[PDB]
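Understanding the architecture of this molecule
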Amino acid sequence: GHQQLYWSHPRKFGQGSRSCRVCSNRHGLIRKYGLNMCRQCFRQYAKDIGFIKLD
Amino acid sequence: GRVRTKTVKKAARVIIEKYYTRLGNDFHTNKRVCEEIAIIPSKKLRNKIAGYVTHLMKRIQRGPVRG
Amino acid sequence: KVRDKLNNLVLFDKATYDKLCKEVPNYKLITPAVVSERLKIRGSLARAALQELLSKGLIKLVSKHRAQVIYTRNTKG
Amino acid sequence: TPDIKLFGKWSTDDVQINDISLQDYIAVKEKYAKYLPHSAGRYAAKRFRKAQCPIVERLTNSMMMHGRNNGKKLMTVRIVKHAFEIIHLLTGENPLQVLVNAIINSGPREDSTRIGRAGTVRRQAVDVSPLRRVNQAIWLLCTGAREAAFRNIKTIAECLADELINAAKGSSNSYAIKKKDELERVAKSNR
Amino acid sequence: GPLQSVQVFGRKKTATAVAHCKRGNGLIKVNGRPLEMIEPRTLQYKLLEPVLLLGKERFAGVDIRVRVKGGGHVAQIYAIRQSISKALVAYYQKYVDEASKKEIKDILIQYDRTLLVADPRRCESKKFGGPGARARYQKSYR
Amino acid sequence: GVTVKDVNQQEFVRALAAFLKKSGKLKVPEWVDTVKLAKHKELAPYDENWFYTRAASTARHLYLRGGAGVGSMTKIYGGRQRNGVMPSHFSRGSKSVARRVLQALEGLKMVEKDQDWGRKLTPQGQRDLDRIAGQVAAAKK
Amino acid sequence: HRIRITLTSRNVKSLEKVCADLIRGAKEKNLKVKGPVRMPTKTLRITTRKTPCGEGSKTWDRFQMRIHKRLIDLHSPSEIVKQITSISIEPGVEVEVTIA
Amino acid sequence: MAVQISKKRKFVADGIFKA
Amino acid sequence: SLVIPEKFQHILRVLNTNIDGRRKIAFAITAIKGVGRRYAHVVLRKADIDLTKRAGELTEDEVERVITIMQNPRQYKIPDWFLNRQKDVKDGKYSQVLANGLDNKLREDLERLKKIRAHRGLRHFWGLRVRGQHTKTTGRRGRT
Amino acid sequence: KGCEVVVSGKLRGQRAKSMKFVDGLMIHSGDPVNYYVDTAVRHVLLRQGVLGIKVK
RNA sequence: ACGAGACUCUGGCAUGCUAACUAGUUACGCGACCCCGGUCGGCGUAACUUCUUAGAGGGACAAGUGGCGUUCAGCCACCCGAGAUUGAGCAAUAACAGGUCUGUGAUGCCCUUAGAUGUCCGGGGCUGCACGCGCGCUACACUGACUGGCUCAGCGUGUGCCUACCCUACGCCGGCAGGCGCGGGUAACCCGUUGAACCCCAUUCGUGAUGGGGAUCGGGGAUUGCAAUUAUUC
């Protein structure tokens, strides 16, 4: 029954069901506007997306 | 405090030296003159240069200046 | 440093009613707080008594507010 | 048809400022007379612009303190209005004349400042400014009325009214007169 | 014939009150109701202050309809009382000779400046590390 | 010429409540005695005839802005929810009280149904508000 | 026909240049054209901590992304609209045409 | 197209694609 | 009227507890344990007594009327969700309980929990916080 | 107009160091640092560790 | 030469310019109510940008006046004026054994690698309690608590990639927490004219650990989720 008990735990929700699209770390996710990155990868890749600091 | 830096003073000094006859004591007239005879990227720098040109004109009208 | 624990009565007895009827219309400034302080009565009782004398015509109303009401005496002449 | 500016229902003329050193720090006569003690403001921007503010507006501004009353200007306005009505109904006098006399008699004229290092106790008596006299008078009257109206059945609109009545005579039953005389005695003790 | 109409606004913080002065008998209404039925009633003198300052004879040839939207309560009252004065000044200044505008404007400025000039005071932006614009959180040592 | 807007609404709501009480055709519900008007309230209303005042205020709000439904009526009569230790917030009122007030005003010939949502006023209802406003203005003058 | 052309971009200067080019083409083609209606801009604010760890003073970053949107109406058949939109387009400006 | 996501998400997805 | 009436009782002995007559009748019976501020309004609304009257000047007929209303809630059109003890674990009926009965019911409920040896009964027997909150910092005055 | 090169890492030893080669003209502050200088950061994988490159 | 300044964003104004049925104003007609006029965010179409929205430009520079100053750099006050010091962003050389190997398919060396320190499932712990400390929330009341009425905003966000999970008007049922049918919005179009709170008006309360304060504790009823006991939330 290893084929049925390999992934039997539900992952429809929670922070383990989400992941970064760059480094796949489940901490500090940016779910606003569907970036779905961590904050460090967002600061690394923020300039070429279009986000700039003016305020 | 309102102290002009060296860029404003050098620009106003070479404006007084190089274009002198087409000037005056009016701030707006030599403001437009400094607008057309030079290239200033901003507007606050233009107004500060024009104000120092007006002050230098008022100083030249009383006597010579060693710059 | 005297405590003097307060006991403000809720309903008027025989004597406090007629001392009120002989002293309150002879007061320059009439307020429920000051008549409750002077006669050692409860605040709602003071408001009820001043409303009763306002209906009786012995009390002249000046200003009415949700925080306080101000009353004054009538002229002697 | 503004003949005179009635302060709600009170005249702004025929009032006397007895102290000659406070003639231009009490703005009540013929220039700074408004219908209400609420204005837009812009008095705390410059260095001496607060002296031209009217004294009843300054009283309403300094009335609201102690956390739970900050910003509530309208409530202080109606408490000051009811206090003025009670003062006129009690003494039979103009409420502005009682307030002006309460400013003059409750203002200290000599103060002792602390000198020396941090920890020692030593005072030196100096005289005070006419503006600071007005500020100390307003602050003392306001905090005296506030302390008098606490955990008591007596409302603050008549506690402030009895505050200005006792201060105008110098009867020493008010907090402001007592603190003024305390400051004068401490200043006079070591001149 | 020709129709006389001016339309002047007024602001204090964010509230905008726009008046409308045209010909007619003397009546002043803001948001469809007169000046007496505007809450709070403790600023009714602030509402009626330019009318009491200029008299009812100057307002008898006009009628005033103010629409107001935005802001709070006190800012709305100040915007209305600025806009009424500005609309009357503009109506007099446009159609009547401006000498009469000068004896309106001099006494209006001589009483209080905010009847015709707006107050340029806006809210300061909040900064991080503190609960408000300038205040900071409590610092702990050791 | 008098409307409801050039007169104080505070005495106007009370006079309209007295008029609907004198009419006696409002069909007052059964659980009026044991009800809390909102979840952020603590005690019952002090007066036993608050339903007439609530119906009068609902009719006045429908006159000032039509098309208001049950959820728009719930947002108007909201208040501050003191949660004790927790910081306070804003909470809406009770929906069934608003539905019973609006259904009473529908059963009376005063309030009809606005198109595609909400409720509005019958011209007979606007007549009743104008006559009550005229009576209030005549009493106040 | 009621033809609506929507332009949404991030830069403002290239957007104004291509809007000027389109309104100049509409003016030189001599047809009824509505003016450039300027919708209110939208800002995308993401506020995040600067440090990757949890050490240092609590400093924060403020990122923004301004979005400008215009719409200009025309009264013409469709082929004129396509031949006037497929001329000298800018890379940073999106063009999007529908008919009601 | 039936999905046609919002104007914010369009520029977001375009920036993610370029990055 | 405003003058105090004859035989104004100063105290009351409703359910063997002292109840003063100076407090409001909507709030003097709040001092009875098991009846609070909200419960006192419904009892005085089903019964025809105005809530603007005092406590020590009401008469024995309406006193015994509201007393029988308090011991018998449900038979006077009081809804079942207004009760402090709904669906009891022993007899299974809706019954509002009063002071000494409330103490007895709480005591036997804690005794039942200790007898069945649940976690809630064990924490109640130990004398700690049972609702599941942090006890690292708060709750310092439990012992010395 | 001018450039600087920064190379940081374990440069010939156990303890890391950094060498900076500045000559010419290099602005640092304000809006014109955005569109006058060009900044690139790269990492070098050698046999002893990681070496960084900062060029402007 | 760098740093400062200079630069960028935002706020404060222009009845002048450019255009708005996804924003309005003013006239006109229809419609409803009152006693000849007033009200309508009720309905519709003849101009316009006064409100709103956002583009180019303008405006402030110590410019004018009077004093102080080598009469130089500058300072003070005043008049006209929406402003005569708006708030932030960026931010030099040299270093700290500062924090991060637990952000990374960034990584040297060392350890382990099939009875695993990889991975997966089930249960538990991260909350546990004689005590100490820090950032905080609510209060100690009558400038107040409760109960009704009246009335006023701006930043935002919103149907998702493997990804399932959006914001809600309206109608019915129930005190309430909530449940069921119907429609809208991929958005200045719909929630929404965001009927927000503090305030304002009017009752009840009366200095009492009290109608202040709501800790602790018992019973019942709903929603999320595969699962709530160590009480998820209400």
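Per the PDB record, this model was obtained through cryo-EM at a reported resolution of 3.5 Å.

Residue and element names in this part refer to chain D. Where helix α3 (residues 95-105) meets helix α4 (residues 130-148), the axes come as close as 8 Å, and the angle between the chain directions of the two elements is 110°. Classified by the angle between their axes, α3 and α4 sit roughly perpendicular to one another. The two elements α3 and α4 cross, and the hand of that crossing is right-handed. Where α3 abuts α4, its residues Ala 102, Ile 103 and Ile 104 lie against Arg 133, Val 134, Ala 137, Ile 138 and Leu 141. Taken together, the residues of the contact of α3 with α4 break down into 7 nonpolar, no polar and 1 charged.

All names here are of chain C. Ordered in space as β1-β3-β2, the 3 strands form an open sheet in which the pairing is antiparallel. Where the open sheet ends on each side, the last strands, each with one partner, are β1 (29-30) and β2 (60-64). Examined bridge by bridge, β1 and strand β3 (residues 69-72) share 2 bridges and lie antiparallel to one another. Among the inter-strand pairings, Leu 29 is bridged to a residue of β3, identified as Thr 72.

Let's shift gears to the environment of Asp 13 of chain D. All names here are of chain D. Relative to the helices and strands, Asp 13 resides in the segment before α1 (55-63). Exposure remark for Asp 13: the relative accessible area of 34% places this residue in the partly exposed category. Sequence separation between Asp 13 and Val 28 is 15 residues, and the spatial gap between their C-alpha atoms is 8.2 Å.

Looking now at the sheet that holds strand β1 (residues 2-9) of chain J. Strands belonging to one sheet form pairs held by backbone hydrogen bonds; the direction of such a pair is parallel or antiparallel. Residue and element names in this part refer to chain J. The strand order across the open sheet built from 4 strands is β2-β1-β4-β3, with neighbouring strands paired in antiparallel fashion. Each edge of the open sheet is held by one strand with a lone partner, namely β2 (17-24) and β3 (40-45). The mean angle between the axes of side-by-side strands here comes to 15°, regardless of whether they run parallel or antiparallel.

On the surface, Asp 47 and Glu 48 of chain F together with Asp 48 and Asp 50 of chain I cluster together into a patch of negative charge. Inspection of the secondary structure assignment puts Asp 48 of chain I in the loop between α2 (37-46) and α3 (60-71). In this structure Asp 48 of chain I comes out as exposed when scored by relative accessible area, which is 70%.

The next thing to look at is the protein's contact with RNA strand K. Around RNA strand K, a shell composed of 213 residues is seen, among which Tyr 33 and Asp 55 of chain A, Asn 69 of chain D, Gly 71 of chain E together with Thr 135 of chain I lie nearest. Counting only atoms of RNA strand K within 4 Å of the protein, the sugar-phosphate share comes to 70%. In the model, a phosphate oxygen of RNA strand K is placed 2.7 Å from a nitrogen or oxygen of the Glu 42 of chain F main chain. Here a base oxygen of RNA strand K and a side-chain polar atom of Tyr 46 of chain F are 3.3 Å apart. Considering every element that reaches the surface near RNA strand K, the biggest residue donor is helix α3 (residues 44-60) of chain B, with 7 residues. Considered class by class, the residues forming the surface near RNA strand K number 60 nonpolar, 68 polar and 85 charged.

Structurally, the α-helix is built with 3.6 residues per turn, so residues lying three or four positions apart point the same way. Residues and elements named next belong to chain C. Within helix α1 (residues 14-23) the residues assigned to the buried category are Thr 16, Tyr 17 and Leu 20. Angularly, the buried residues of α1 cover 105° about the axis, an arc narrow enough to put them on a single face. Projecting away from the buried face of α1 at angles above 90 degrees are the exposed residues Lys 14 and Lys 22. Contacts from the buried residues of α1 go to α2 (32-39) and α3 (43-55).

Turning next to unusual backbone geometry. With an omega of 0°, the peptide bond running from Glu 39 of chain E to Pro 40 of chain E counts as cis. With a phi angle near 45°, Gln 4 of chain H is a residue other than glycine that sits in the positive phi range. Structurally, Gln 4 of chain H can be placed in the segment before α1 (7-18).

The top pair by number of contacts, from a total of 9 pairs of chains in contact, is chains A and G. The two units chain D and chain F never meet; even their closest C-alpha atoms stay 16 Å apart.

Formed by 43 residues in total, the largest nonpolar core has its most connected members in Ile 26, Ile 55, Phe 84, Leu 99, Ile 103, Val 134 and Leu 164 of chain D. Going through the elements one at a time, α1, α2 (73-91), α3, α4, α5 (156-169) and α6 (175-189) of chain D are the ones with two or more residues in this core. With 8 residues, the top contributor of residues to this core is α4 of chain D. Discounting chain neighbours no more than four positions away, the residues touching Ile 103 of chain D are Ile 26, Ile 55, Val 134, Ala 137, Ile 138 and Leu 141 of chain D. If you look at the next biggest cluster of nonpolar residues, it comprises 34 residues, including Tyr 35 of chain D together with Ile 80, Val 89 and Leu 116 of chain E.

Scanning all chains against the criterion turns up 11 aromatic pairs over all chains. Geometrically, the ring pair formed by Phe 12 of chain C and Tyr 17 of chain C is edge-to-face, given 6.0 Å between the ring centres and 75° between the ring planes. Between the aromatic rings of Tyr 91 of chain E and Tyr 95 of chain E, the centroid separation amounts to 5.0 Å while the plane-to-plane angle is 45°, which identifies the pairing as tilted. Placement of the pair is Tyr 91 of chain E and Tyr 95 of chain E together in helix α2 (residues 74-95), with a separation of 4 residues, close to one helical turn. Residue classification places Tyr 91 of chain E among the buried positions, given a relative accessible area of 6%. Residue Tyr 95 of chain E is classed as partly exposed on the basis of its relative accessible area, which comes to 34%. The ring of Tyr 27 of chain C has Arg 38 of chain C lying over it, and the distance from NZ or CZ to the ring centre is 4.6 Å. Above the face of the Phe 9 of chain E ring, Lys 86 of chain E is positioned so that its terminal group lies 5.5 Å from the ring centre.

The partner chain G presents 17 residues to the 15 residues of chain A that form the contact. Interface area for chain A against chain G, summed over the two sides, is near 1600 Å², with a carbon-plus-sulfur share of 56%. Linking chain A to chain G there are 3 salt bridges. For the pair chain A and chain G, the number of links is 10 residue pairs in polar contact.

This part covers a nonpolar patch on the surface. On the surface, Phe 125, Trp 126 and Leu 128 of chain I cluster together to form a nonpolar patch covering roughly 370 Å² of accessible area. You can see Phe 125 of chain I is positioned in helix α5 (residues 119-126).

What follows deals with the pattern of salt bridges. For the structure on display, the rule yields 33 salt bridges over all chains. Between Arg 45 of chain G and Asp 55 of chain A there is a salt bridge, with its nearest N and O atoms 3.4 Å apart. Here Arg 45 of chain G, found in the loop between β3 (42-43) and β4 (46-49), pairs with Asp 55 of chain A, found in the segment after α3 (46-49), and the two come from separate chains. Among the residues examined, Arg 45 of chain G registers a relative accessible area of 41% and is labelled partly exposed.

Reading guide: rules and limits
Entry numbering is not used for residues: they are numbered from 1 along each chain in the order the sequence is written, which may differ from it, and residues without coordinates are omitted. Just so you know, chain letters begin at A and ligand numbers begin at 1, following the order they were written in. Any value quoted here refers to the chains shown, not to the larger assembly they are part of. Only hydrogens and water are set aside; all other atoms, that is, all heavy atoms of the structure, feed into the side-chain values. Residues with missing side-chain atoms are left out of burial classes, side-chain pairs and their counts. Axis definition: a line fitted to C-alpha atoms, limited for helices to the stretch in contact. Angles are taken between N-to-C directions and run from 0 to 180 degrees. Where helices and strands are cited, they refer to DSSP runs of H or I of at least four residues and of E of at least two residues respectively, numbered from the N terminus. Convention used here: angles under 35 degrees read as roughly parallel, angles over 145 as roughly antiparallel, angles from 65 to 115 as roughly perpendicular, and any remaining angle as oblique. Handedness of a crossing follows from how the near helix is turned relative to the far one, being left-handed for an anticlockwise turn of less than a right angle and right-handed for a clockwise one. Any two residues whose heavy atoms approach within 4.5 Å are treated as being in contact. Residues are grouped as follows: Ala, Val, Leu, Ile, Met, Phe, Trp, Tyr, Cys and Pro are nonpolar; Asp, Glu, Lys and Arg are charged; all remaining types, including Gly, are polar. Note: two strands are recorded as paired if DSSP finds a minimum of 2 bridges between them. Each residue gets one of three labels from its accessible area relative to the maximum for its type: buried under 20%, exposed over 50%, partly exposed in between, using a 1.4 Å probe on protein chains only. Patch building starts from residues that exceed 30% relative accessible area and form no salt bridge, then joins like charges within 9 Å and nonpolar side chains (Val, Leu, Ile, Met, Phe, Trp, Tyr) within 5 Å. Here the accessible surface of atoms and residues is derived via Shrake-Rupley with a 1.4 Å probe, and residues count as covered only by protein chains that are part of the display. Salt bridges are defined as contacts in which a side-chain nitrogen from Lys or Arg sits within 4 Å of a carboxyl oxygen from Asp or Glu. For this count, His and the chain ends are skipped, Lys and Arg are scored as positive, and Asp and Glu as negative. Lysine's charge is taken at NZ, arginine's at CZ, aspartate's at CG and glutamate's at CD. Throughout, the term near means that a residue has one or more heavy atoms lying within 4 Å of the molecule or strand in question. As used in this structure description, the phrase polar contact means that two N or O atoms lie within 3.5 Å; if the pair is within protein, one of them must be able to donate a hydrogen and the other to accept it, and residues adjacent in sequence are counted only when both atoms belong to side chains. The arc in question is the one spanned by the directions pointing from the helix axis to the C-beta atoms. To form a nonpolar core, buried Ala, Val, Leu, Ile, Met, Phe, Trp, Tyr and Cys residues must be joined to one another through side-chain atoms within 4.5 Å. Within 6.5 Å between ring centres, the rings of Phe, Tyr and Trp (the latter by its six-membered ring) count as paired, and their orientation is classed by plane angle as stacked under 30 degrees, edge-to-face over 60, tilted in between. For a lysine, the NZ atom is tested; for an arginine, the CZ atom; a charge sits over a ring if that atom is within 6 Å of the ring centre and within 35 degrees of the ring normal. Computed with a 1.4 Å rolling probe, the buried area is the accessible surface lost when two parts are put together, summed over both parts.

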